[PDB]
Q: 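Pasting a structure below so you can have a look.
Residue numbers run from 1 in the order of the sequence given. Counting starts at 1 for both ligands and their atoms, in listed order.
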Amino acid sequence: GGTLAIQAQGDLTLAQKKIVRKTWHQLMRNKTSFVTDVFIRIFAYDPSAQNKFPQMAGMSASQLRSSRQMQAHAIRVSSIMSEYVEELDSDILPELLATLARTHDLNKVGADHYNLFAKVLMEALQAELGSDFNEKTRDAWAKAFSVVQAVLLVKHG
Ligand code: HEM
């Protein structure tokens, strides 16, 4: 696999950068439990995604929302996300995603879990922005999702 491996150079055009940080912060700011609520949706649409987290597999949304493991996974998504959104520096991505990638591959979380995540956050963004989710917003975000997508999973040993 791993065509072109790691390179990336100057990733997104500045206008895409301006709009992906602004919107991530709009959402983070205005919707307090945003990231957990994204996970609580993924599990509705894809019940096996619940199963990759063995212990909580089989719980209802209300006792899903108060799980030490759910909350801790969610703020960890939250911090990797805010770390990148700070500068959208394409190549501090390699060390950021490095352990994530290994533990995800160990619990068999892959490509259709990342895809799903992207769909559900895309949705959240649109519920937030309204009619002013005018397509630069969608493109910049997909491009961001591609930069990130490009260098994910396994070389786990
Ligand atoms: C952009 C999305 C995501 C990010 C950045 C992310 C990040 C992380 C992080 C920080 C870890 C732990 C790494 C460590 O211990 O050093 C982790 C673990 C885990 N995550 Fe994710 N996650 C994401 C998406 C998902 C999705 C969508 C699933 C499953 C449908 C998932 C399932 C798990 C599982 C099962 C663990 C368990 C603990 C472990 O073995 O480390 N994650 N994730």
Q: Which residue holds the protein heavy atom closest to atom 30 (C) of ligand 1, what is that atom called, and what is the gap in Å?
A: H113 ND1, 3.3 Å
Q: Less than 3.5 Å between some nitrogen or oxygen of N107 and one of ligand 1, yes or no?
A: yes
Q: Atom NZ of residue position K22 - does it have more than 12 heavy atoms of other residues, nucleotides or ligands inside 6.0 Å?
A: no
Q: Charged N to carboxylate O below 4.0 Å: is that the case for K143 and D11?
A: no
Q: Please list the nearest protein heavy atom to atom 32 (C) of ligand 1 with its residue and the distance rounded to 0.1 Å.
A: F53 CZ, 3.3 Å
Q: Among all protein heavy atoms, pick the one closest to atom 16 (O) of ligand 1 and tell me residue, atom and distance.
A: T99 OG1, 3.4 Å
Q: Working to the nearest 0.5 angstrom, can you tell me the gap between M122 CE and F117 CZ?
A: 11.0 Å
Q: Any side-chain to backbone donor/acceptor pair from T36 onto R65? Under 3.5 Å, distance only.
A: no
Q: Donor-acceptor pair, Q50 side chain versus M59 backbone, under 3.5 Å?
A: yes
Q: Tell me the protein heavy atom at minimum distance from atom 26 (C) of ligand 1, and give that distance in Å.
A: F39 CE2, 3.7 Å
Q: Which atoms from ligand 1 have a heavy atom of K52 less than 4.0 Å away?
A: 35 (C)
Q: Which heavy atom of the protein is the closest neighbour of atom 1 (C) of ligand 1, given with residue, atom name and distance?
A: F117 CE2, 3.4 Å
Q: Of all residues at least two apart in sequence or in a different chain, which pass the side-chain hydrogen bond (donor to acceptor under 3.5 Å, both in side chains) check with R41?
A: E123
Q: For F53 and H73, take the angle between the two ring planes, folded into 0 to 90°, and tell me which bin it lands in: parallel under 30, tilted 30 to 60, perpendicular over 60.
A: perpendicular
Q: Using the salt bridge (charged side-chain N to carboxylate O under 4.0 Å, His left out) rule, collect all pairs that involve residues 70-91, keeping only residues at least two apart or in two chains.
A: none
Q: Show the atom names and distances, to 0.1 Å, of all donor-acceptor pairs under 3.5 Å that link a side chain in residues 145-157 to residues at least two apart or in another chain.
A:
unit_1, atom_1, unit_2, atom_2, d
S146, OG, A142, O, 2.9
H156, NE2, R102, O, 3.3

Q: Report the protein N/O/S neighbours of atom 21 (Fe) of ligand 1 that fall below 2.8 Å; do not count waters.
A: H73 NE2, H104 NE2
